Amino acid sequence: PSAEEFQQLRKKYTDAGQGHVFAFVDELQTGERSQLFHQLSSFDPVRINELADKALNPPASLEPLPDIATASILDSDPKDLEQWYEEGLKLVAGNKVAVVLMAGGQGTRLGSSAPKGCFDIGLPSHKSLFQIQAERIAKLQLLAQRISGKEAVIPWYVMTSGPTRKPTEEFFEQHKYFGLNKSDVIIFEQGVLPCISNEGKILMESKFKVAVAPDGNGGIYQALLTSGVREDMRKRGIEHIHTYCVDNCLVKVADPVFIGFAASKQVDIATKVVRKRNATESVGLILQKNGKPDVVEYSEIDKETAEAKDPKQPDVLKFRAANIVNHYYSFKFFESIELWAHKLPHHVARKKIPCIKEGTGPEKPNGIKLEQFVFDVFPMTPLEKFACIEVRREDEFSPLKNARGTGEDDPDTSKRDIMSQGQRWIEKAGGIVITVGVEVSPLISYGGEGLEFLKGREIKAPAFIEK
Ligand SMILES: CC(=O)N[C@H]1[C@@H](OP(=O)(O)O)O[C@H](CO)[C@@H](O)[C@@H]1O
Ligand SMILES: N[C@@H](CC(=O)O)c1cccs1
Ligand SMILES: CCc1c(C)nn(C)c1N
């Protein structure tokens with residue numbers, strides 16, 4: 001980079017009051033100077049000031065969603081469920097369904113060196129989360145081809161962060177994309193934002209590098225633009241998109257009932273909830289805020305509304321629609337990302353951020369991280385174009401939040417929930433499990449179907465059913 005270019009960027013950053021980022025320029029080699037220039041050129045210091053000022057010196061009517069925006073697998077006529085299943089499989093057969101996997105962030109509570117998706121929860125098969133999810137996609141394609149006689153393709157768009165992108169790609173490569181076609185799997189990367197000190201200043205990770213952090217799972221939308229994923233969806237004729245979080249080992253990827261329901265109700269956005277397990281559960285709550293669909297994140301709710309009770313049922317929580325990060329979107333919505341993505345607010349968390357001030361190294365929080373949330377598009381959705389669908393936790397939601405030996409939301413509960421699901425399915429089909437649980441490969445059964453061959457047979461738990 002030329003001296004005139006470098007000087008123009010230094011004036012920009014200095015005039016914006018961020019001139020410290022050049023404080024160690026005189027000590028840098030050419031490579032380190034080149035890095036700093038390119039990194040700093042990717043941010044607008046003035047925009048950073050505006051974000052910092054909103055975050056650091058910042059400036060509601062809550063009810064449960066109305067019954068016209070809600071649904072429940074429990075209250076559902078089994079004929080509707082069967083019809084929605086069939087229409088969902090028809091949409092897969094028409095190559096109209098895509099999956100976006102949010103596999104970014106860090107996964108800091110589990111404390112793994114690898115991307116969370118790689119984690120092996122200890123099933124008999126030792127499949128990772130990624131592989132279980134990939135095989136559900138493959139199975140669903142197989143089921144769809146049974147009705148169409150033609151190839152069925154659910155493209156898998158896998159969003160990672162800067163940190164996790166390279167280990168994610170190597171892993172997929174080493175597993176040959178889990179039997180999927182690499183041309184139908186796109187790994188891409190969310191954006192970053194610089195970390196901001198408590199005094200509003202950009203934090204320097206090193207003498208030549210700014211401390212950045214991923215911009216939240218709400219960064220998914222803009223990243224679909226700049227990565228070309230949205231254009232790939234358009235080329236393929238995608239009309240229905242399922243987005244989910246990688247940490248849930250029970251996730252029904254591209255759930256045909258969910259998608260069939262959303263498409264058939266012609267909603268623009270849909271989302272799955274489970275009954276909140278208690279008042280302190282670390283889950284966003286889905287509700288009606290100032291007349292619109294909305295979510296209150298567990299990190300921003302007050303003890304008041306989290307503890308609020310149903311007027312008629314004094315021991316049930318008034319707000320209990322727990323977000324399980326399972327969203328439906330009509331493709332039409334993604335066509336206007338340019339119009340609304342920059343409207344998504346920036347949520348603030350105080351962080352201890354390793355940085356340099358004459359050498360690297362922070363006891364108490366020295367700055368903040370900014371994040372957009374994926375559910376903050378819900379207030380953009382008309383109530384009659386929104387569906388909040390209750391599902392069964394024990395079939396649909398088993399998150400890996402914590403390291404082993406926590407007690408909940410950890411690898412042991414994940415493994416327990418998967419193998420209880422398998423046993424229950426096998427028992428429904430007439431099999432006898434002896435004994436815990438049974439792992440059922442997604443390639444054998446996506447959601448309980450195709451287990452007739454186990455009828456009358458005895459299975460000694462633990463067991464593993466594959467091809
Ligand atoms: C922005 C976002 O998606 N937050 C989600 C997500 O929380 P995490 O902080 O990422 O663990 O997972 C929860 C389900 O496990 C969900 O209830 C919550 O609202
Ligand atoms: N997703 C969480 C994780 C964190 O505390 O870093 C955030 C909330 C608000 C800003 S970041
Ligand atoms: C979620 C509803 C929607 C669609 C479709 N397009 N736009 C701009 C909105 N808000």
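Index from 1, following the sequence. Reckoned from all heavy atoms, side chains included, excluding hydrogens, waters and symmetry mates.
With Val295 as the fixed residue, the side chain to side chain contact (heavy atoms under 4.5 Å, CB included) test singles out one of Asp376, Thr271, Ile286, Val377: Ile286. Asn326 pairs in a side chain to side chain donor-acceptor pair (under 3.5 Å) with only one of the listed residues (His242, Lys272, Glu396), which is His242. Between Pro442 and the choices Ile137, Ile132, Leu140, the side chain to side chain contact (heavy atoms under 4.5 Å, CB included) rule is met once, by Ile132. Put simply, the residue from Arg230, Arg234, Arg236 that forms a side chain to side chain donor-acceptor pair (under 3.5 Å) with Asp232 is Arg236.
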* To do: Test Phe188 against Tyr157 for ring pair (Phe, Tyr, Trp, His ring centres under 6.0 Å), laying out the working first.
  => CA-CA 7 Å; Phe188 67 106; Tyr157 305 110; 7.2 Å; no
* Intermediate values then yes/no, salt bridge (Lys or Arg N to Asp or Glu O under 4.0 Å), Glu408 and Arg277 -> CA-CA 12 Å; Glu408 77 188 345; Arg277 76 157 76 98; 3.2 Å; yes
* Assess whether salt bridge (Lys or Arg N to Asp or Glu O under 4.0 Å) is satisfied between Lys401 and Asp410, documenting all intermediate values. => CA-CA 6 Å; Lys401 302 298 188 184; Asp410 75 6; over 6 Å; no
* Asked: Given the rule in the salt bridge (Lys or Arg N to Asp or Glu O under 4.0 Å) test, do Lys127 and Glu135 qualify, once you have shown the distances and angles that lead to the verdict?
  -> CA-CA 10 Å; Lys127 293 172 193 187; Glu135 278 171 11; 2.7 Å; yes
* Would you please test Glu170 and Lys166 for salt bridge (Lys or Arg N to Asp or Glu O under 4.0 Å) and show each step? => CA-CA 6 Å; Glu170 299 173 346; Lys166 168 181 296 187; 5.4 Å; no
* Evaluate side chain to side chain donor-acceptor pair (under 3.5 Å) for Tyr221 paired with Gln372, printing each intermediate quantity in order. => CA-CA 10 Å; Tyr221 305 106; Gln372 298 182 122; over 6 Å; no
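The side-chain heavy atoms of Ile356 and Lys207, taken from C-beta on, include a pair separated by under 4.5 Å. Between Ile196 and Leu56 there is a side-chain heavy-atom pair separated by less than 4.5 Å. A 4.5 Å side-chain heavy-atom check between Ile238 and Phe334 finds every atom pair outside the cut-off. In this structure the side chain of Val21 never reaches within 4.5 angstrom of the side chain of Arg10, judged on heavy atoms. Side-chain contact check for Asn248 versus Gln133: every heavy-atom pair is 4.5 Å or farther apart. Using a 4.5 Å heavy-atom threshold, the side chains of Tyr244 and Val325 count as separate. Contact check for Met233 versus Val100: side-chain heavy atoms found under the 4.5 Å cut-off. Looking only at side-chain heavy atoms (C-beta outward), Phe319 and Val296 stay at 4.5 Å or farther from each other.
In this pair, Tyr177 and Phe172 present their aromatic rings perpendicular. The plane angle is above 60°, beyond the 30 to 60° band. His347 and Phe373 have parallel rings, their planes meeting at less than 30° on a 0 to 90° scale where 60° marks the start of perpendicular. In this structure, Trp340 and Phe333 have parallel ring planes: the angle between them is below the 30° cut-off, well short of the 60° mark.
Heavy-atom minimum distance, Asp44 versus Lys12: OD1-NZ, 3.9 Å. Closest approach of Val92 and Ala144 over heavy atoms only: CG1-CB, 3.7 Å. The heavy-atom pair separating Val246 from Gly117 by the smallest distance is CG2-CA, 3.6 Å. Across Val257 and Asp255, no two heavy atoms sit closer than the pair N-OD1, 3.1 Å.
Atom OH of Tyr329 sits about 9.0 Å away from atom CD1 of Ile241, to the nearest 0.5 Å. Taken to the nearest 0.5 Å, the CD1 atom of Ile259 stands 13.0 Å off from the OG atom of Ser264. From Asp215, atom CG reaches atom CD of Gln190 across 5.0 Å, with rounding to the nearest 0.5 Å. Between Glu169 atom CD and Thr160 atom OG1 the span is 7.0 Å, to the nearest 0.5 Å. Summarising the geometry, atom CD belonging to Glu87 is positioned 7.5 Å from atom CG belonging to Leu91; distances are rounded to the nearest 0.5 Å. One finds the CD atom of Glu300 at 12.0 Å from the CG atom of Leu285 (value rounded to the nearest 0.5 Å).
For the residue pair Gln145 / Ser148, no side-chain donor-acceptor distance below 3.5 Å is found, with atom types taken as modelled. With no hydrogens or angles considered, a side-chain donor-acceptor pair links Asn198 and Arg350 at under 3.5 Å. One side chain, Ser125 or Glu439, offers a donor N or O that lies under 3.5 Å from an acceptor on the other. Side-chain contact, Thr280 with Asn278: a donor N or O sits under 3.5 Å from an acceptor N or O.
A distance-only check finds a donor-acceptor pair linking the side chain of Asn217 to the backbone of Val374 [under 3.5 Å]. When atom types are taken as modelled, the side chain of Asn49 and the backbone of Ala16 share a donor-acceptor pair closer than 3.5 angstrom. Checking side-chain atoms of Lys369 against main-chain N and O of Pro194 turns up no donor-acceptor pair under 3.5 Å. Panel note: side chain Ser336, backbone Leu339; no donor-acceptor pair is recorded below 3.5 Å. Within the 3.5 Å criterion, the main-chain N or O of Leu443 finds a donor-acceptor partner in the side chain of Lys139. Judged by distance alone, the side chain of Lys201 and the main-chain N or O of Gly17 form a donor-acceptor pair under 3.5 Å. Of the possible donor and acceptor atoms, one in the side chain of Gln141 sits under 3.5 Å from a partner among the backbone N and O of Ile154. When atom types are taken as modelled, the side chain of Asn366 and the backbone of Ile353 share a donor-acceptor pair closer than 3.5 angstrom. A distance-only check finds a donor-acceptor pair linking the side chain of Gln18 to the backbone of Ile202 [under 3.5 Å]. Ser41 places a side-chain N or O within 3.5 Å of a backbone atom of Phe37 that can act as its donor or acceptor partner.
Environment of CD in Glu466: crowded, with over 12 heavy atoms of neighbouring residues, nucleotides or ligands closer than 6.0 Å. Atom CD of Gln174 sits in a sparse spot, with 12 or fewer heavy atoms from other residues, nucleotides or ligands closer than 6.0 Å. Other residues, nucleotides and ligands contribute at most 12 non-hydrogen atoms within 6.0 Å of the NZ atom of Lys289.
Checked against the 6.0 Å centroid threshold, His327 and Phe378 count as a close aromatic pair. Aromatic pair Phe208/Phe24: centroids not less than 6.0 angstrom apart.
Under the 6.0 Å distance and 45° angle rule, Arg33 counts as a cation-pi partner of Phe6.
A salt bridge between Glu281 and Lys276 is absent, with no side-chain N of the basic residue lying under 4.0 Å from a carboxylate O of the acidic one.
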